[PDB]
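*Asks:* Sharing my_file_26.txt (compact mmCIF, C-alpha atoms and all ligand atoms) below.
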# COMPACT_ATOMS: atom_id res chain seq x y z
CA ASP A 1 -76.37 40.74 -61.52
CA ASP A 2 -78.62 37.81 -60.55
CA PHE A 3 -80.31 40.02 -57.95
CA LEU A 4 -81.03 42.57 -60.70
CA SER A 5 -82.73 40.05 -62.98
CA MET A 6 -84.64 38.90 -59.89
CA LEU A 7 -85.64 42.46 -58.92
CA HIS A 8 -86.59 43.08 -62.55
CA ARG A 9 -88.72 39.94 -62.77
CA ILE A 10 -90.68 40.68 -59.60
CA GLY A 11 -91.19 44.17 -61.01
CA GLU A 12 -92.92 42.73 -64.10
CA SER A 13 -95.41 40.79 -61.97
CA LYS A 14 -96.87 43.93 -60.34
CA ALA A 15 -97.42 41.75 -57.26
CA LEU A 16 -97.38 42.90 -53.64
CA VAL A 17 -93.87 43.30 -52.25
CA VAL A 18 -93.31 42.82 -48.54
CA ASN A 19 -90.19 44.76 -47.58
CA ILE A 20 -89.00 44.06 -44.09
CA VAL A 21 -86.54 46.40 -42.46
CA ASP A 22 -84.89 46.70 -39.06
CA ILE A 23 -86.42 49.65 -37.17
CA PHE A 24 -83.10 50.32 -35.38
CA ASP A 25 -81.14 50.39 -38.61
CA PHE A 26 -83.56 51.55 -41.29
CA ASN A 27 -80.79 53.05 -43.41
CA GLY A 28 -78.94 49.74 -43.25
CA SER A 29 -82.13 47.99 -44.41
CA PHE A 30 -82.69 50.09 -47.54
CA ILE A 31 -82.31 48.17 -50.83
CA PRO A 32 -81.25 50.90 -53.39
CA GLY A 33 -82.65 49.39 -56.57
CA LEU A 34 -86.00 48.43 -55.11
CA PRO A 35 -88.25 51.40 -56.06
CA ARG A 36 -86.26 51.70 -59.30
CA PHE A 37 -87.53 48.26 -60.33
CA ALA A 38 -90.71 48.16 -58.24
CA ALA A 39 -92.47 51.44 -59.08
CA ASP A 40 -95.69 49.70 -60.19
CA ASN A 41 -95.65 47.20 -57.31
CA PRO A 42 -97.65 47.92 -54.18
CA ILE A 43 -95.21 47.62 -51.27
CA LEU A 44 -95.96 46.79 -47.67
CA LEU A 45 -93.28 48.14 -45.33
CA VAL A 46 -92.74 45.90 -42.31
CA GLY A 47 -90.61 47.09 -39.39
CA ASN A 48 -89.16 44.14 -37.46
CA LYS A 49 -87.71 43.86 -33.92
CA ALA A 50 -90.48 45.86 -32.21
CA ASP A 51 -89.94 43.81 -29.03
CA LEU A 52 -86.64 45.59 -28.29
CA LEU A 53 -88.41 48.95 -28.24
CA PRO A 54 -88.57 50.88 -24.95
CA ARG A 55 -92.13 50.82 -23.60
CA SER A 56 -92.05 54.63 -23.64
CA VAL A 57 -92.00 54.64 -27.46
CA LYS A 58 -95.28 55.67 -29.04
CA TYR A 59 -96.20 53.47 -32.02
CA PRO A 60 -98.01 56.23 -33.99
CA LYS A 61 -94.81 58.32 -33.87
CA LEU A 62 -92.60 55.45 -35.02
CA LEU A 63 -95.23 54.57 -37.63
CA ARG A 64 -95.27 58.09 -39.05
CA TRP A 65 -91.49 58.38 -38.72
CA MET A 66 -90.76 55.24 -40.75
CA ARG A 67 -93.31 56.13 -43.43
CA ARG A 68 -91.61 59.53 -43.60
CA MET A 69 -88.18 57.87 -43.54
CA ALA A 70 -89.24 55.59 -46.41
CA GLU A 71 -91.07 58.36 -48.26
CA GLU A 72 -87.78 60.27 -48.34
CA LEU A 73 -86.06 57.40 -50.19
CA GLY A 74 -88.22 57.08 -53.30
CA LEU A 75 -90.04 54.28 -51.49
CA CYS A 76 -93.75 55.00 -51.13
CA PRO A 77 -95.42 52.16 -49.16
CA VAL A 78 -99.12 51.34 -49.42
CA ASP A 79 -99.07 50.69 -45.67
CA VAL A 80 -96.66 50.13 -42.78
CA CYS A 81 -96.61 47.48 -40.07
CA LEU A 82 -94.69 46.81 -36.88
CA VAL A 83 -93.90 43.24 -35.95
CA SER A 84 -91.67 41.17 -33.75
CA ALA A 85 -90.92 38.11 -35.85
CA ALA A 86 -89.22 36.55 -32.81
CA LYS A 87 -92.05 37.05 -30.30
CA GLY A 88 -94.94 36.66 -32.76
CA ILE A 89 -96.23 40.11 -31.82
CA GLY A 90 -98.06 41.94 -34.61
CA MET A 91 -97.85 38.90 -36.90
CA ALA A 92 -101.64 38.46 -37.07
CA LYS A 93 -102.12 42.06 -38.21
CA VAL A 94 -99.38 41.85 -40.86
CA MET A 95 -100.96 38.68 -42.30
CA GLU A 96 -104.36 40.39 -42.64
CA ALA A 97 -102.56 43.26 -44.36
CA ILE A 98 -100.84 40.90 -46.79
CA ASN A 99 -104.09 39.17 -47.76
CA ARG A 100 -105.74 42.56 -48.28
CA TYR A 101 -103.08 44.28 -50.39
CA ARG A 102 -102.14 41.29 -52.56
CA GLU A 103 -105.84 40.94 -53.41
CA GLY A 104 -105.52 37.61 -55.17
CA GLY A 105 -102.03 37.54 -56.57
CA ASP A 106 -98.68 36.42 -55.30
CA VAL A 107 -96.38 38.20 -52.86
CA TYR A 108 -92.62 38.57 -52.73
CA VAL A 109 -90.82 38.99 -49.42
CA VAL A 110 -87.76 41.22 -49.78
CA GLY A 111 -85.13 42.47 -47.34
CA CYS A 112 -81.42 42.79 -46.53
CA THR A 113 -79.56 40.42 -44.16
CA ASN A 114 -79.73 40.84 -40.34
CA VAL A 115 -83.26 42.26 -40.60
CA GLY A 116 -85.14 39.18 -39.42
CA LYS A 117 -86.46 37.91 -42.76
CA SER A 118 -85.77 34.22 -42.03
CA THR A 119 -87.41 34.38 -38.61
CA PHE A 120 -90.38 36.19 -40.16
CA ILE A 121 -90.60 33.66 -43.03
CA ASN A 122 -90.18 30.72 -40.61
CA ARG A 123 -93.37 31.72 -38.77
CA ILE A 124 -95.28 31.74 -42.08
CA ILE A 125 -93.74 28.37 -43.10
CA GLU A 126 -94.79 26.89 -39.75
CA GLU A 127 -98.39 28.11 -40.12
CA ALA A 128 -98.68 27.03 -43.77
CA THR A 129 -97.28 23.60 -42.89
CA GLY A 130 -99.83 23.23 -40.10
CA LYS A 131 -102.55 23.80 -42.71
CA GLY A 132 -101.39 20.93 -44.90
CA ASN A 133 -99.54 22.90 -47.57
CA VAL A 134 -96.30 21.86 -49.27
CA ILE A 135 -93.39 24.34 -49.07
CA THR A 136 -90.84 24.23 -51.89
CA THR A 137 -87.24 25.35 -52.11
CA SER A 138 -85.93 25.93 -55.62
CA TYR A 139 -84.27 28.35 -58.01
CA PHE A 140 -85.62 31.88 -58.78
CA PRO A 141 -84.76 32.08 -62.65
CA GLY A 142 -81.18 33.20 -61.85
CA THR A 143 -79.13 30.27 -60.40
CA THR A 144 -77.22 30.94 -57.17
CA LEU A 145 -80.47 32.46 -55.93
CA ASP A 146 -82.54 30.12 -53.78
CA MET A 147 -86.18 31.01 -53.22
CA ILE A 148 -88.88 29.59 -50.98
CA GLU A 149 -92.39 29.10 -52.34
CA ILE A 150 -95.19 29.17 -49.80
CA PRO A 151 -98.66 28.27 -51.15
CA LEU A 152 -101.49 30.64 -50.33
CA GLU A 153 -105.07 29.65 -51.15
CA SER A 154 -106.27 29.22 -54.75
CA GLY A 155 -103.14 29.18 -56.90
CA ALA A 156 -101.41 32.21 -55.35
CA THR A 157 -97.91 31.97 -53.85
CA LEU A 158 -95.85 33.87 -51.22
CA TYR A 159 -92.14 33.77 -52.22
CA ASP A 160 -89.13 34.30 -49.92
CA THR A 161 -86.36 36.03 -51.80
CA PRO A 162 -82.62 35.62 -51.11
CA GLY A 163 -82.27 37.12 -47.66
CA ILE A 164 -78.99 38.28 -48.92
CA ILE A 165 -78.38 41.75 -50.29
CA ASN A 166 -75.90 42.65 -47.67
CA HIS A 167 -75.01 46.32 -47.43
CA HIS A 168 -73.37 48.98 -45.17
CA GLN A 169 -74.99 48.61 -41.76
CA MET A 170 -73.28 48.59 -38.35
CA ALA A 171 -73.54 44.77 -38.23
CA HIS A 172 -71.07 44.35 -41.12
CA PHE A 173 -68.23 46.19 -39.32
CA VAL A 174 -68.51 43.93 -36.30
CA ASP A 175 -67.42 40.29 -36.18
CA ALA A 176 -69.70 37.51 -34.94
CA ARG A 177 -69.04 37.41 -31.17
CA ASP A 178 -69.30 41.16 -30.60
CA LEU A 179 -72.47 41.36 -32.72
CA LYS A 180 -74.17 39.51 -29.87
CA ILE A 181 -73.43 42.50 -27.60
CA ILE A 182 -74.57 45.17 -30.07
CA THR A 183 -77.72 43.04 -30.31
CA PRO A 184 -80.18 43.44 -27.40
CA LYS A 185 -81.66 40.35 -25.75
CA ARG A 186 -84.64 42.30 -24.39
CA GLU A 187 -86.43 45.66 -24.35
CA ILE A 188 -84.11 48.68 -24.15
CA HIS A 189 -83.77 50.44 -20.79
CA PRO A 190 -83.02 54.20 -20.71
CA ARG A 191 -79.69 55.46 -19.41
CA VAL A 192 -79.74 59.10 -18.33
CA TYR A 193 -76.57 61.17 -18.66
CA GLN A 194 -76.31 64.72 -17.39
CA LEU A 195 -73.65 66.36 -19.57
CA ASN A 196 -71.81 69.70 -19.49
CA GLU A 197 -70.31 71.44 -22.54
CA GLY A 198 -66.98 69.90 -23.46
CA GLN A 199 -67.86 66.29 -22.68
CA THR A 200 -67.81 63.13 -24.78
CA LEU A 201 -69.67 59.82 -24.76
CA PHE A 202 -68.25 56.71 -26.41
CA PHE A 203 -70.66 53.89 -27.16
CA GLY A 204 -68.23 51.00 -27.05
CA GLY A 205 -65.74 51.88 -29.77
CA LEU A 206 -68.48 51.99 -32.41
CA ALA A 207 -69.76 55.56 -32.16
CA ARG A 208 -69.15 58.81 -30.32
CA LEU A 209 -71.16 61.90 -29.24
CA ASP A 210 -69.44 65.24 -28.42
CA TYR A 211 -71.46 67.83 -26.52
CA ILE A 212 -70.04 71.02 -27.99
CA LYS A 213 -72.16 73.85 -26.60
CA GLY A 214 -75.42 74.43 -24.74
CA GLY A 215 -75.35 74.38 -20.93
CA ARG A 216 -75.92 71.44 -18.55
CA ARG A 217 -78.16 68.95 -20.32
CA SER A 218 -79.77 65.54 -19.81
CA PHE A 219 -79.25 63.00 -22.57
CA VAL A 220 -81.21 59.79 -22.44
CA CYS A 221 -79.38 56.94 -24.21
CA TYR A 222 -81.48 54.19 -25.81
CA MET A 223 -79.19 51.40 -27.01
CA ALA A 224 -78.34 47.77 -26.26
CA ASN A 225 -77.76 47.59 -22.52
CA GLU A 226 -74.79 45.26 -23.04
CA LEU A 227 -73.13 48.11 -24.91
CA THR A 228 -70.76 49.69 -22.44
CA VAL A 229 -70.72 53.54 -22.37
CA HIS A 230 -67.73 55.74 -21.55
CA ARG A 231 -67.51 59.39 -20.70
CA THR A 232 -64.54 61.77 -20.81
CA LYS A 233 -63.78 65.41 -21.50
CA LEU A 234 -63.72 66.31 -25.17
CA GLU A 235 -60.08 67.42 -25.03
CA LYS A 236 -58.90 63.84 -24.38
CA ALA A 237 -61.42 61.98 -26.54
CA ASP A 238 -59.00 61.39 -29.44
CA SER A 239 -56.12 60.29 -27.20
CA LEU A 240 -58.39 57.84 -25.39
CA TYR A 241 -59.76 56.39 -28.62
CA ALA A 242 -56.24 55.84 -29.97
CA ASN A 243 -55.07 53.89 -26.91
CA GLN A 244 -58.23 52.19 -25.62
CA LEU A 245 -59.82 51.06 -28.89
CA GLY A 246 -60.18 47.29 -28.71
CA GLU A 247 -59.49 47.44 -24.96
CA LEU A 248 -61.71 49.68 -22.80
CA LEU A 249 -63.47 50.90 -25.97
CA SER A 250 -65.04 47.71 -27.31
CA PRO A 251 -66.66 46.42 -29.31
CA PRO A 252 -64.66 46.18 -31.53
CA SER A 253 -62.44 43.65 -29.77
CA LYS A 254 -58.65 44.19 -29.89
CA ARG A 255 -58.50 41.31 -32.36
CA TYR A 256 -59.85 43.25 -35.35
CA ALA A 257 -58.78 46.76 -34.37
CA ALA A 258 -57.01 46.34 -37.74
CA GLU A 259 -60.33 46.13 -39.58
CA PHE A 260 -62.33 48.76 -37.80
CA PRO A 261 -63.10 51.65 -40.14
CA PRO A 262 -62.25 55.19 -38.99
CA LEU A 263 -65.07 57.00 -37.21
CA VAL A 264 -66.27 59.88 -39.38
CA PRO A 265 -67.30 63.13 -37.61
CA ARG A 266 -70.42 65.11 -38.47
CA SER A 267 -71.65 68.42 -37.06
CA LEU A 268 -75.20 68.65 -35.67
CA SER A 269 -77.23 71.58 -34.36
CA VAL A 270 -80.39 70.55 -32.50
CA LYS A 271 -82.93 73.29 -33.14
CA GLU A 272 -86.16 71.63 -31.97
CA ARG A 273 -87.45 70.23 -28.66
CA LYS A 274 -87.78 66.50 -27.96
CA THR A 275 -85.46 65.05 -30.61
CA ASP A 276 -83.63 61.80 -31.23
CA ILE A 277 -80.00 61.73 -32.28
CA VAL A 278 -80.19 58.45 -34.16
CA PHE A 279 -77.15 56.15 -34.40
CA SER A 280 -78.03 53.52 -37.01
CA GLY A 281 -77.80 49.89 -35.92
CA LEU A 282 -77.20 51.06 -32.36
CA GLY A 283 -80.19 53.05 -31.19
CA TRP A 284 -80.46 56.73 -30.27
CA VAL A 285 -80.05 59.41 -27.62
CA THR A 286 -82.90 61.75 -26.75
CA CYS A 287 -82.41 65.48 -26.07
CA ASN A 288 -85.52 66.88 -24.39
CA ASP A 289 -84.40 70.52 -24.85
CA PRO A 290 -83.29 72.53 -27.95
CA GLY A 291 -80.06 74.45 -28.54
CA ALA A 292 -77.68 71.47 -28.44
CA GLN A 293 -74.56 71.83 -30.58
CA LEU A 294 -72.89 68.49 -31.23
CA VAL A 295 -70.36 66.47 -33.19
CA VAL A 296 -71.25 62.80 -33.78
CA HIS A 297 -68.92 60.05 -35.02
CA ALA A 298 -69.69 56.65 -36.59
CA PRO A 299 -68.19 54.52 -39.38
CA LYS A 300 -68.56 55.74 -42.96
CA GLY A 301 -71.85 54.51 -44.37
CA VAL A 302 -73.72 54.24 -41.06
CA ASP A 303 -76.15 57.13 -40.78
CA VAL A 304 -76.38 59.43 -37.77
CA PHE A 305 -79.09 62.10 -37.88
CA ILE A 306 -81.77 63.82 -35.84
CA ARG A 307 -85.55 63.26 -35.90
CA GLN A 308 -88.55 64.27 -33.77
CA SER A 309 -88.49 62.00 -30.73
CA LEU A 310 -90.39 58.72 -30.89
CA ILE A 311 -90.84 59.02 -27.13
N1 LIG B 401 -85.18 40.95 -30.61
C1 LIG B 401 -85.52 40.47 -31.85
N2 LIG B 401 -84.61 39.88 -32.58
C2 LIG B 401 -84.91 39.39 -33.80
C3 LIG B 401 -86.21 39.52 -34.31
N3 LIG B 401 -86.23 38.97 -35.55
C4 LIG B 401 -85.05 38.50 -35.81
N4 LIG B 401 -84.20 38.75 -34.76
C5 LIG B 401 -82.78 38.39 -34.68
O1 LIG B 401 -82.28 38.27 -36.01
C6 LIG B 401 -81.47 37.09 -36.11
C7 LIG B 401 -81.87 36.32 -37.33
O2 LIG B 401 -81.81 37.17 -38.49
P1 LIG B 401 -82.17 36.25 -39.78
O3 LIG B 401 -80.97 35.49 -39.40
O4 LIG B 401 -83.57 36.01 -38.97
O5 LIG B 401 -82.00 37.59 -40.59
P2 LIG B 401 -82.14 37.21 -42.14
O6 LIG B 401 -80.97 36.20 -42.53
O7 LIG B 401 -81.98 38.59 -42.94
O8 LIG B 401 -83.44 36.61 -42.48
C8 LIG B 401 -81.66 36.19 -34.87
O9 LIG B 401 -80.41 35.79 -34.29
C9 LIG B 401 -82.55 37.04 -33.94
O10 LIG B 401 -81.92 37.24 -32.67
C10 LIG B 401 -87.18 40.18 -33.52
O11 LIG B 401 -88.32 40.32 -33.91
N5 LIG B 401 -86.81 40.64 -32.30
Show this structure as structure tokens.
Ligand SMILES: Nc1nc2c(ncn2[C@@H]2O[C@H](COP(=O)(O)OP(=O)(O)O)[C@@H](O)[C@H]2O)c(=O)[nH]1

*Replies:*
Amino acid sequence: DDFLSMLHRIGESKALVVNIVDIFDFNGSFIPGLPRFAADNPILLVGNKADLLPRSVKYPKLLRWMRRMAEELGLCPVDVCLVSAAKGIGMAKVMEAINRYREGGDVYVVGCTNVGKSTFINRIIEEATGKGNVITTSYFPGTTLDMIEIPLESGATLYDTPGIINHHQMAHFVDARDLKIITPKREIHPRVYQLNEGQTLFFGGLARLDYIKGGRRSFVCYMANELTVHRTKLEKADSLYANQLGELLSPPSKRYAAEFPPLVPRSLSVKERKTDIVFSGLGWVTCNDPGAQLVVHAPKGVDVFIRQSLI
């Protein structure tokens, strides 16, 4: 309930809210309680990890997709930015945007864990320090909640809010060791798979895609290249998953195959051309033709859905 008092207090201020989310796991970056408490606050939506994006991705598409993805969740951002907190790409633009939309007031940086908030905030801390400012760590009116105060010119202050607010993203179902693998080191390379009806693709042991009906088709997989992919006929998919989970089908490692949540199936009918079958926290597979009939599996809570291709 400390996060609530915090969310309520920043709501009173009417100050600019910088909400940073992971573009590969937007659903796992949503903060249900944000627009409920921040209706009057102008919010800047920042999509981190843009450096892992395949060069074939068109920014305007992603831009419009995330605004639309946010719009759908009661969250109506004043603007949207794409940055790579790790590579410093797009950081200059996001700073100009922050100075513009805050006008003269403060700014609160909000976001769930594993989104890149600390890396993003570290770049600001480094710049502010180079300008002679003093950065302070203290308590946001709650207690357990640590906050970082970063002085902006003339009285105003940028505040880093508890990076916490963990939720139900793919990252939380994987232990530290295998999370490294799910996490890409560099830009994502396409992997083309020509599938026939009655075939299945396992992405590690984390998610599954069944090609139910539709004729020979090319699926282009866009996920962490360390993530091993396995293909088998639909009719043996369940038997394989029961015996190879933790072994051939990993992550998850055999260690915590007694933690791994059941994969929940969902039916999907691809009616439009050039679409992305999005697997939250993992990436997506692109179907360049319509008609596809599929069944997708992923842990409960992690969203799998289709959108107009970003490619
Ligand atoms: N590829 C890439 N990785 C990033 C980026 N920003 C953060 N990360 C990763 O996110 C991890 C840190 O997350 P932090 O620990 O920054 O997340 P936070 O605790 O919610 O603030 C690091 O291990 C980075 O590898 C980015 O812009 N690009």

*Asks:* Would you tabulate, counting all atoms listed in the file, all residues of chain A that have an atom at most 10 Å from an atom of ligand LIG 401 (chain B), showing the closest pair of atoms and their distance in Å to one decimal, sorted by chain then ascending number, as CSV?

*Replies:*
residue,atom,partner,partner_atom,distance
A:20,CA,B:LIG401,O7,9.0
A:21,CA,B:LIG401,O7,9.1
A:22,CA,B:LIG401,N3,8.6
A:29,CA,B:LIG401,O7,9.5
A:47,CA,B:LIG401,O11,9.0
A:48,CA,B:LIG401,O11,5.3
A:49,CA,B:LIG401,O11,3.6
A:50,CA,B:LIG401,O11,6.2
A:51,CA,B:LIG401,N5,5.5
A:52,CA,B:LIG401,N1,5.4
A:53,CA,B:LIG401,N1,8.9
A:82,CA,B:LIG401,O11,9.6
A:83,CA,B:LIG401,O11,6.6
A:84,CA,B:LIG401,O11,3.5
A:85,CA,B:LIG401,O11,3.9
A:86,CA,B:LIG401,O11,4.0
A:87,CA,B:LIG401,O11,6.1
A:88,CA,B:LIG401,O11,7.7
A:89,CA,B:LIG401,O11,8.2
A:90,CA,B:LIG401,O11,9.9
A:110,CA,B:LIG401,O7,9.3
A:111,CA,B:LIG401,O7,6.7
A:112,CA,B:LIG401,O7,5.6
A:113,CA,B:LIG401,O7,3.3
A:114,CA,B:LIG401,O5,4.0
A:115,CA,B:LIG401,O7,4.5
A:116,CA,B:LIG401,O4,3.6
A:117,CA,B:LIG401,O8,3.3
A:118,CA,B:LIG401,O8,3.4
A:119,CA,B:LIG401,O4,4.2
A:120,CA,B:LIG401,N3,6.8
A:121,CA,B:LIG401,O8,7.8
A:122,CA,B:LIG401,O4,8.6
A:160,CA,B:LIG401,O8,9.6
A:161,CA,B:LIG401,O8,9.8
A:162,CA,B:LIG401,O7,8.7
A:163,CA,B:LIG401,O7,5.0
A:164,CA,B:LIG401,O7,6.7
A:165,CA,B:LIG401,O7,8.8
A:166,CA,B:LIG401,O7,8.7
A:179,CA,B:LIG401,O9,9.8
A:180,CA,B:LIG401,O9,8.5
A:183,CA,B:LIG401,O10,7.5
A:184,CA,B:LIG401,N1,6.4
A:185,CA,B:LIG401,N1,6.0
A:186,CA,B:LIG401,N1,6.4
A:187,CA,B:LIG401,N1,7.9

*Asks:* Quick one: residues within 12 Å of residue 5 in chain A, only C-alpha atoms, excluding same-chain residues fewer than 2 positions away - as a list in words?

*Replies:*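 In the requested format, the answer is residues 1, 2, 3, 7, 8, 9, 10, 11, 12, 33, 34, 37, 140, 141, 142, 143 and 145 of chain A.
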
*Asks:* Between CA of residue 80 in chain A and CA of residue 130 in chain A, measure the distance and give it in Å to one decimal.

*Replies:*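 Separation between CA of residue 80 in chain A and CA of residue 130 in chain A: 27.2 Å.
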
*Asks:* Counting only C-alpha atoms, which residues come within 8 Å of (-68.6, 59.8, -34.6), with the point read in the file's coordinates, and could you list them as a ChimeraX atom specification?

*Replies:* /A:207-209,263-266,295-299

*Asks:* Convert the current residue selection to file output with C-alpha atoms, as an mmCIF file, keeping the file's coordinate frame.

*Replies:*
data_model
loop_
_atom_site.group_PDB
_atom_site.id
_atom_site.type_symbol
_atom_site.label_atom_id
_atom_site.label_comp_id
_atom_site.auth_asym_id
_atom_site.auth_seq_id
_atom_site.Cartn_x
_atom_site.Cartn_y
_atom_site.Cartn_z
ATOM 1 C CA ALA A 207 -69.760 55.560 -32.160
ATOM 2 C CA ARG A 208 -69.150 58.810 -30.320
ATOM 3 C CA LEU A 209 -71.160 61.900 -29.240
ATOM 4 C CA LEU A 263 -65.070 57.000 -37.210
ATOM 5 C CA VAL A 264 -66.270 59.880 -39.380
ATOM 6 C CA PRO A 265 -67.300 63.130 -37.610
ATOM 7 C CA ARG A 266 -70.420 65.110 -38.470
ATOM 8 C CA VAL A 295 -70.360 66.470 -33.190
ATOM 9 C CA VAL A 296 -71.250 62.800 -33.780
ATOM 10 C CA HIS A 297 -68.920 60.050 -35.020
ATOM 11 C CA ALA A 298 -69.690 56.650 -36.590
ATOM 12 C CA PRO A 299 -68.190 54.520 -39.380
#

*Asks:* Between range 176-214 of chain A and range 269-293 of chain A, at 6 Å or less, what are the per-residue closest atom pairs and their distances in Å? Count all atoms listed in the file, order by chain and rising residue number, and return it as JSON lines.

*Replies:*
{"residue": "A:212", "atom": "CA", "partner": "A:293", "partner_atom": "CA", "distance": 5.3}
{"residue": "A:213", "atom": "CA", "partner": "A:293", "partner_atom": "CA", "distance": 5.1}
{"residue": "A:214", "atom": "CA", "partner": "A:292", "partner_atom": "CA", "distance": 5.2}

*Asks:* Within 7 Å of range 215-217 of chain A, counting all atoms listed in the file, which residues qualify if same-chain residues fewer than 2 places away don't, as an MDAnalysis selection string?

*Replies:* chainID A and resid 194:197 213 219

*Asks:* Name all residues at most 12 Å from range 70-78 of chain A (count only C-alpha atoms; drop same-chain ones fewer than 5 positions away) and give them as number ranges by chain.

*Replies:* A: 16-21, 23, 26-27, 29-47, 62-65, 97-98, 100-102

*Asks:* Quick one: pull the distance between CA of residue 6 in chain A and CA of residue 151 in chain A, Å, one decimal.

*Replies:* 19.6 Å

*Asks:* Would you compute the distance between CA of residue 241 in chain A and CA of residue 226 in chain A? Give it in Å to one decimal.

*Replies:*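 If I compute the distance from CA of residue 241 in chain A to CA of residue 226 in chain A, I get 19.5 Å.
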
*Asks:* Which one of A:182, A:249, A:294, A:268 sits closest to residue 227 in chain A if you count only C-alpha atoms?

*Replies:*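 Among the listed residues, A:182 lies closest to residue 227 in chain A.
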
*Asks:* Under the rule that all atoms listed in the file are counted, which of A:108, A:168, A:175, A:92 is the nearest residue to residue 148 in chain A?

*Replies:* A:108

*Asks:* A:310, A:174, A:218, A:181: which is nearest residue 254 in chain A, counting all atoms listed in the file?

*Replies:* A:174
